[PDB]
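Scroll down for the structure; my scribbles are underneath it.
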Amino acid sequence: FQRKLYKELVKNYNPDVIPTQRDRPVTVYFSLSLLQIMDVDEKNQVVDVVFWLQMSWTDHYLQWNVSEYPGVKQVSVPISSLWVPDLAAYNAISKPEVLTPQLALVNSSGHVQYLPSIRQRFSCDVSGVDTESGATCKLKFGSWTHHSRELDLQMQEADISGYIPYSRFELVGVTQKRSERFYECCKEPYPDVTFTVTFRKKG
Amino acid sequence: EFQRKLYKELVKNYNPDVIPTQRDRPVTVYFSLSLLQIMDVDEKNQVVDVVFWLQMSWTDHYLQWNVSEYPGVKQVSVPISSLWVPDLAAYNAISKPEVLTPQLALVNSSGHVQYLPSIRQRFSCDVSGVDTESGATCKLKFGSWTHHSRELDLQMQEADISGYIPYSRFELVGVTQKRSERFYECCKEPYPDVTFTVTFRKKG
Amino acid sequence: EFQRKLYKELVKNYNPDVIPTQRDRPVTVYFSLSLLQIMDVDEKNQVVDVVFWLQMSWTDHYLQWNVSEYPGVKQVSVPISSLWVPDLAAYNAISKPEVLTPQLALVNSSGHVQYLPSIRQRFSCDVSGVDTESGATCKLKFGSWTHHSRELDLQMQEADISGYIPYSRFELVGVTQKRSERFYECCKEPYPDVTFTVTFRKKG
Amino acid sequence: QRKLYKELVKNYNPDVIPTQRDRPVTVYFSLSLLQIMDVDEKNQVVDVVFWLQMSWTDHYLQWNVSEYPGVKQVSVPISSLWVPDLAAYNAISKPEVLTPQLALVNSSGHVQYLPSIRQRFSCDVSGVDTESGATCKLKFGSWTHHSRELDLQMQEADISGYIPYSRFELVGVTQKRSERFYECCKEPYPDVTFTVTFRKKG
Amino acid sequence: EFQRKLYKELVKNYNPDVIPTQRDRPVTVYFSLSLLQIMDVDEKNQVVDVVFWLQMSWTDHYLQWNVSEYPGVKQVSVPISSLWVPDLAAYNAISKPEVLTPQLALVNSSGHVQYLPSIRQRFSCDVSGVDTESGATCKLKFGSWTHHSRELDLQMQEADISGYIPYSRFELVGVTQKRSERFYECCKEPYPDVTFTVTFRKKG
Ligand SMILES: *[C@@H]1O[C@H](CO)[C@@H](O)[C@H](O)[C@H]1NC(C)=O
Ligand SMILES: *[C@@H]1O[C@H](CO)[C@@H](O)[C@H](O)[C@H]1NC(C)=O
Ligand SMILES: *[C@@H]1O[C@H](CO)[C@@H](O)[C@H](O)[C@H]1NC(C)=O
Ligand SMILES: *[C@@H]1O[C@H](CO)[C@@H](O)[C@H](O)[C@H]1NC(C)=O
Ligand SMILES: *[C@@H]1O[C@H](CO)[C@@H](O)[C@H](O)[C@H]1NC(C)=O
Ligand SMILES: *[C@@H]1O[C@H](CO)[C@@H](O)[C@H](O)[C@H]1NC(C)=O
Ligand SMILES: *[C@@H]1O[C@H](CO)[C@@H](O)[C@H](O)[C@H]1NC(C)=O
Ligand SMILES: *[C@@H]1O[C@H](CO)[C@@H](O)[C@H](O)[C@H]1NC(C)=O
Ligand SMILES: Clc1ccc([C@H]2C[C@@H]3CC[C@H]2N3)cn1
Ligand SMILES: Clc1ccc([C@H]2C[C@@H]3CC[C@H]2N3)cn1
Ligand SMILES: Clc1ccc([C@H]2C[C@@H]3CC[C@H]2N3)cn1
Ligand SMILES: Clc1ccc([C@H]2C[C@@H]3CC[C@H]2N3)cn1
Ligand SMILES: Clc1ccc([C@H]2C[C@@H]3CC[C@H]2N3)cn1
């Protein structure tokens, strides 16, 4: 008993299908928690970054009658088992290295939360990393195949308290804003949240 | 959704190992390379590390549907492992290709597939004059690995250069893209290949 | 002893994605870290390369059997991909964990699972005073990643230090291990965590 | 018109070497040297990039050209059929295959597999700076199938693929197949060995 | 040949996760290491990069057949993923093992299996005196990870040293191989292990 819910939640479920529903796009809440700026290649213009990626959305195919399943309040599912935002780091110059277990938490109302810790390298102008002005990196994320009307990317207060106390670099400033733009190819507009970080070398 | 019984259909009698050529008609795939950055240049070993968007599109007749039978379904985002994809290859690459974006293609209700993966790969290139005013010239040659002219028709299309990183140790002196058809030792037929030629020099 | 129709049974109605709880009964997993070596210390980027032996054990009620019905079968060696395993995570790790040993767990006839993977992983750590007599102190924090206190109860147990390599550029000034319960920004609940604190200094 | 794939993979086990009574499967092997990436003089290794040209005949893979109209050949994933389990006896790194792992199959069952590969080999690169140059022996051969199961035959090695620029110039190249017995393994195992002699330009 | 309806049979009621033991009869596996090369030595981190042939053989009673019912079939080349294989582990390795050859073992008509992987792996080792005449001594310890003495009996056998590379920055001062049995902190039973000890020094 108890987890005959997994048998159910994955019965007629195709993880390749964005769980939208007539007119209304699936809205995914995105937020980036900067944890550390590992390195800066001044010669090739890249930053090695470690961060928490906070994503949540609602999959209507994934809800259940809390009755029929007694104590089951939430379930920990493998992201390979359900649909997940196909977010992409636009300016990344390296495959993303996901450091935590690829599990997602699912609510009895179908609310999903996937919170992977990641290390990835981005293309960035790290010129003034030694000036008082510092260097500014723009970490741009957004769905890769779903446009505004299919997947609505919404941001939400970026956390900065995870930032490592020691660390060769100090955070001069941080901002996060979502945008919508058209691309050479692809007819529709694409929403994207961009985490902008300004940092300088301590001392 | 509610109407994605379309995926169940699109993959029913579908073998992704089968090039969708419809009799006496080679599948024509449109190819274009958007140079984003020239990461490094190994002058000692003659290689360039390059990052680029790869724009490919073609038509899979097995993948079309009656827009009626499936109400609001205009297009679908499918895993490239689920359908046939051009077996393009970097003839002069000296490293496996590292695909940076989600491996998904967009499929039209008329069977038009689009696949734009961002890739980082190293190529064999004579980077001698990367410091001269002439600059170094790298030829990134791509082409279908096992399908010849009559099976897969590689067509190019205006290469985009606006994606190029503004900062970056290197500046783009020149860029050209042209498709060709050749004969190779072995393989009876001729194979088409689009070659992106880039000339760049170190700024300052 | 042949009669391994037990594996057929142990994996019949078994979903490894399901944490083996039982109403108001969290699965308690015993965790312990045996430090084997401190490979390197990046003073520039603040990281430590560490090789350790994680000792984990817990009870999966779905995995017990009547020792009668299966004669000589005392225990079984199963692939961790075949059963539920604590989704422990290195909270301060800056690299994917590289597991060096076969990913097999041992299972008791009473459902007691043992899993002791040897691992090499890099952690974020202030390795400033690695040359001072005080030494540097690294905190290796582990904890479930998706299950809170009431679902998975992380319990520690005497950390072993005898595995530490005799030679090695570094000597162990001190070691402590303690479990805690904290709340995080997001996730409404408490997630227990055992933290292995190591203080080491460069020999000579 | 590809119900041929459905057929070609029906009662087909890619783990079974396509032999017949007292008839070893003969695979034609040839290496096209494309580039000598690097040379570690301290550890004695060469980084090499090359085209491997393999062909053989799989009798399970032929069809009546009639029953399948225009189908002259098919491009199949090597995971779908049997492929020589060749190994680089002296490689010190896993092989990195750079091209799509697809093979071409004839209507008569003739298979062709041409994978571009980058791999590192153990080699005495001492005299890479002398006029004599360094000589590397790239030895390949079936890993589990002996002479009577898999007959490795060589064939004129191509050298025109060699990169014009490149820190190194090709002083000499030879390719020869051999048969030997090893410590263990009762039977003799054949192997084609590509020997390259190169020196640093200038 | 062919008559490979033998593979269909050999894998019918076969679970590769089941050690082919049998009531008071541990499966005995013969292990031997052929040192081919000592790639590098990190004196700062105390590690050795090594390339070796691991020679393993054992008997799987589930894998035998009536040589009659299958005419010319003397032996078969099977993928190790298809049958049970000793879960040997390099107790003191600090890197995942990189297997360089095709992962196939050969199987006798009497059930005798032979796996012969070539491997490159890094081990924790005190490479202090690699420049002294005494040389450095590395102990490569292997052993089953989850099966104790009574389940899997590890037996050694004359280590081969003729595979050692003639050139190479290092020369072999000495080589010895011996199996042992111990009891460990945890795990009730005793576990057997073969340890390849190599002493080498820098040439010249
Ligand atoms: C489903 O929920 C309804 C109310 O929302 C409840 O009346 C019903 O009993 C539930 N299903 C069952 C029978 O478990
Ligand atoms: C479900 O998730 C949503 C997310 O906002 C939350 O509001 C709600 O309280 C959660 N509880 C359940 C079980 O629905
Ligand atoms: C499309 O589907 C409709 C179903 O009502 C029908 O007219 C017919 O089967 C199809 N015709 C096309 C291809 O437009
Ligand atoms: C255990 O299983 C056996 C069947 O082999 C059954 O007869 C017995 O009642 C069960 N309980 C005991 C006695 O352990
Ligand atoms: C396994 O069962 C034994 C009795 O057979 C019990 O005492 C022990 O606590 C259990 N767990 C282990 C393997 O320690
Ligand atoms: C080939 O096929 C034709 C008709 O499909 C048949 O009549 C003929 O006997 C076949 N020949 C072969 C290859 O045996
Ligand atoms: C093994 O082979 C013999 C061959 O005559 C056959 O009778 C039977 O399958 C096996 N032996 C017996 C008599 O059980
Ligand atoms: C096959 O049988 C022989 C005896 O004929 C025996 O030594 C061993 O089990 C097998 N030989 C091999 C492959 O070592
Ligand atoms: Cl298959 C495919 C089609 C289009 C795209 C483009 C749409 C968004 C914005 C740029 C890139 N991601 C990416 N992939
Ligand atoms: Cl899917 C998901 C939900 C919540 C979490 C959070 C809970 C624990 C503490 C921080 C992180 N791990 C991580 N992942
Ligand atoms: Cl299996 C196979 C057969 C032939 C080929 C050839 C087709 C393209 C052009 C030369 C080479 N690559 C590639 N692969
Ligand atoms: Cl499973 C197995 C058994 C034997 C062998 C050996 C036979 C040929 C020659 C050396 C190596 N390849 C390799 N693998
Ligand atoms: Cl699941 C499990 C049980 C026991 C062990 C230990 C027993 C042998 C000796 C150390 C390690 N291998 C490792 N894993």
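Just remember, in the structure tokens the first chain shown is A, the second B, etc., residues are 1-based per chain, and ligands are 1-based in the order shown.
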
Taking only C-alpha atoms into account and nothing else, which residues of chain D lie no more than 8 Å away from chain B? Please answer as a list in words.
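Listing them in order of chain and number gives residues 2, 37, 38, 49, 75, 76, 77, 96, 97, 98, 99, 100, 102, 103, 104, 118, 165, 166 and 167 of chain D.
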
Residues as selected, N, CA and C atoms, written as an mmCIF file, in the first residue's frame, can you do that?
data_model
loop_
_atom_site.group_PDB
_atom_site.id
_atom_site.type_symbol
_atom_site.label_atom_id
_atom_site.label_comp_id
_atom_site.auth_asym_id
_atom_site.auth_seq_id
_atom_site.Cartn_x
_atom_site.Cartn_y
_atom_site.Cartn_z
ATOM 1 N N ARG D 2 10.898 0.747 -45.755
ATOM 2 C CA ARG D 2 11.875 0.224 -44.820
ATOM 3 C C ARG D 2 11.228 -0.614 -43.736
ATOM 4 N N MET D 37 48.472 14.453 -32.949
ATOM 5 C CA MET D 37 48.160 15.569 -32.055
ATOM 6 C C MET D 37 49.278 15.987 -31.135
ATOM 7 N N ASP D 38 49.753 15.054 -30.326
ATOM 8 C CA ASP D 38 50.813 15.389 -29.408
ATOM 9 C C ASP D 38 51.714 14.206 -29.164
ATOM 10 N N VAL D 49 44.886 10.860 -34.324
ATOM 11 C CA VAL D 49 43.534 10.934 -34.869
ATOM 12 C C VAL D 49 43.568 10.160 -36.195
ATOM 13 N N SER D 75 21.637 2.424 -43.785
ATOM 14 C CA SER D 75 22.521 2.986 -42.789
ATOM 15 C C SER D 75 21.958 2.569 -41.412
ATOM 16 N N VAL D 76 22.644 1.624 -40.781
ATOM 17 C CA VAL D 76 22.254 1.059 -39.496
ATOM 18 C C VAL D 76 23.186 1.444 -38.329
ATOM 19 N N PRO D 77 22.639 1.560 -37.108
ATOM 20 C CA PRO D 77 23.432 1.910 -35.922
ATOM 21 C C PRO D 77 24.272 0.689 -35.544
ATOM 22 N N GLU D 96 38.046 7.554 -28.345
ATOM 23 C CA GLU D 96 37.029 8.595 -28.473
ATOM 24 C C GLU D 96 36.577 8.625 -29.933
ATOM 25 N N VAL D 97 35.431 8.021 -30.223
ATOM 26 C CA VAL D 97 34.916 7.998 -31.589
ATOM 27 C C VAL D 97 34.204 9.326 -31.936
ATOM 28 N N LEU D 98 34.780 10.019 -32.919
ATOM 29 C CA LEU D 98 34.331 11.321 -33.383
ATOM 30 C C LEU D 98 33.181 11.402 -34.376
ATOM 31 N N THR D 99 32.856 10.305 -35.054
ATOM 32 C CA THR D 99 31.771 10.333 -36.039
ATOM 33 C C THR D 99 30.549 9.531 -35.616
ATOM 34 N N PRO D 100 29.423 9.690 -36.335
ATOM 35 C CA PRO D 100 28.204 8.949 -36.009
ATOM 36 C C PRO D 100 28.477 7.441 -36.103
ATOM 37 N N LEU D 102 27.343 4.755 -37.235
ATOM 38 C CA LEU D 102 26.473 4.146 -38.224
ATOM 39 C C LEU D 102 27.325 3.321 -39.182
ATOM 40 N N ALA D 103 26.806 2.179 -39.627
ATOM 41 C CA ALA D 103 27.511 1.337 -40.598
ATOM 42 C C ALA D 103 26.657 1.267 -41.868
ATOM 43 N N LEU D 104 27.252 0.931 -43.013
ATOM 44 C CA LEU D 104 26.467 0.795 -44.252
ATOM 45 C C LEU D 104 26.322 -0.680 -44.622
ATOM 46 N N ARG D 118 40.012 9.223 -32.057
ATOM 47 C CA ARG D 118 41.133 9.905 -31.450
ATOM 48 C C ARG D 118 41.482 9.020 -30.275
ATOM 49 N N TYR D 165 49.693 20.982 -42.525
ATOM 50 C CA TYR D 165 50.435 21.763 -41.523
ATOM 51 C C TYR D 165 50.893 20.738 -40.492
ATOM 52 N N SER D 166 50.655 20.961 -39.210
ATOM 53 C CA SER D 166 51.076 19.949 -38.235
ATOM 54 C C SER D 166 52.557 20.005 -37.888
ATOM 55 N N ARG D 167 52.820 20.007 -36.591
ATOM 56 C CA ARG D 167 54.159 20.064 -36.060
ATOM 57 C C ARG D 167 55.051 18.904 -36.549
#

Can you tell me which residues sit at most 8 Å away from ligand 7, counting only C-alpha atoms and all ligand atoms, written as a count of residues only?
4

Show me which residues are within 9 Å of ligand 9 counting only C-alpha atoms and all ligand atoms, and format the list as a PyMOL selection string.
(chain A and resi 88+90+142-147+181-191) or (chain B and resi 53+55-57+77-78+101-107+113-118)

So that I can check the surroundings of residue A:43, please list as a list in words every protein, DNA and RNA residue that reaches within 9 Å of it, counting only C-alpha atoms and ignoring chain neighbours fewer than 6 positions away.
residues 126 of chain A; 40, 168 and 169 of chain B

Now that the selection is made, can you save its residues with N, CA and C atoms as a short mmCIF file (atom, residue, chain, number, x, y, z; two decimals), in the first residue's frame?
data_model
loop_
_atom_site.label_atom_id
_atom_site.label_comp_id
_atom_site.auth_asym_id
_atom_site.auth_seq_id
_atom_site.Cartn_x
_atom_site.Cartn_y
_atom_site.Cartn_z
N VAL A 126 35.23 39.24 -18.24
CA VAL A 126 35.81 39.38 -16.91
C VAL A 126 36.99 40.33 -16.91
N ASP B 40 39.75 29.01 -27.74
CA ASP B 40 41.19 28.98 -27.69
C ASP B 40 41.79 28.59 -29.02
N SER B 168 36.13 38.95 -26.01
CA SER B 168 36.83 37.92 -26.77
C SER B 168 38.18 38.35 -27.32
N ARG B 169 39.18 37.52 -27.06
CA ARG B 169 40.55 37.76 -27.48
C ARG B 169 40.68 37.92 -29.00
#

Interface, chain B side, toward chain A (6 Å; only C-alpha atoms) as a PyMOL selection string
chain B and resi 1+39+100-101

For the residues in the current selection, export N, CA, C and O atoms as a JSON list (two decimals), in the first residue's frame.
[["chain", "number", "residue", "atom", "x", "y", "z"],
["B", 1, "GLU", "N", -1.19, 17.42, -21.44],
["B", 1, "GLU", "CA", -2.18, 18.33, -22.08],
["B", 1, "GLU", "C", -3.60, 17.75, -22.04],
["B", 1, "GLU", "O", -4.37, 18.03, -21.11],
["B", 39, "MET", "N", 37.03, 30.03, -28.43],
["B", 39, "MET", "CA", 37.57, 29.82, -27.10],
["B", 39, "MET", "C", 39.08, 29.88, -26.99],
["B", 39, "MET", "O", 39.63, 30.68, -26.24],
["B", 100, "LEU", "N", 25.71, 21.54, -25.71],
["B", 100, "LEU", "CA", 25.35, 22.33, -24.54],
["B", 100, "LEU", "C", 23.89, 22.57, -24.23],
["B", 100, "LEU", "O", 23.55, 22.95, -23.10],
["B", 101, "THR", "N", 23.01, 22.37, -25.21],
["B", 101, "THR", "CA", 21.59, 22.62, -24.98],
["B", 101, "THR", "C", 20.74, 21.34, -24.94],
["B", 101, "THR", "O", 21.23, 20.26, -25.26]]

Skipping near chain neighbours, those fewer than 2 positions away, what residues fall within 12 Å of stretch 20-28 of chain D using only C-alpha atoms, listed as JSON, numbers by chain?
{"D": [16, 17, 18, 30, 31, 52, 53, 54, 55, 56, 57, 58, 59, 60, 82, 83, 84, 85, 86, 110, 111, 112, 113, 114, 141, 142, 145, 146, 147, 148, 149, 150, 151, 152, 153, 154, 155, 156, 157, 177, 190, 191, 192], "E": [1, 2, 3, 4, 70, 71, 72, 73, 74]}

Per DSSP on the backbone, filter stretch 53-184 of chain D down to the residues in helix (DSSP H, G or I) and report them as a list in words.
residues 59, 60, 61, 78, 79 and 80 of chain D

Using C-alpha atoms, can you write the selected residues to a file as a compact mmCIF listing (two decimals), in the first residue's frame?
# COMPACT_ATOMS: atom_id res chain seq x y z
CA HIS D 59 25.19 -13.40 -44.09
CA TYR D 60 22.23 -12.74 -41.76
CA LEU D 61 22.05 -9.28 -43.32
CA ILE D 78 26.40 -0.28 -34.98
CA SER D 79 24.55 -1.09 -31.78
CA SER D 80 22.02 -2.88 -33.97

When you look at residue D:64 with a cut-off of 12 Å (counting only C-alpha atoms), what residues show up, excluding the ones that are within fewer than 6 positions of it in the same chain? I need them as a ChimeraX atom specification.
/D:4,7-8,70-73,106-109
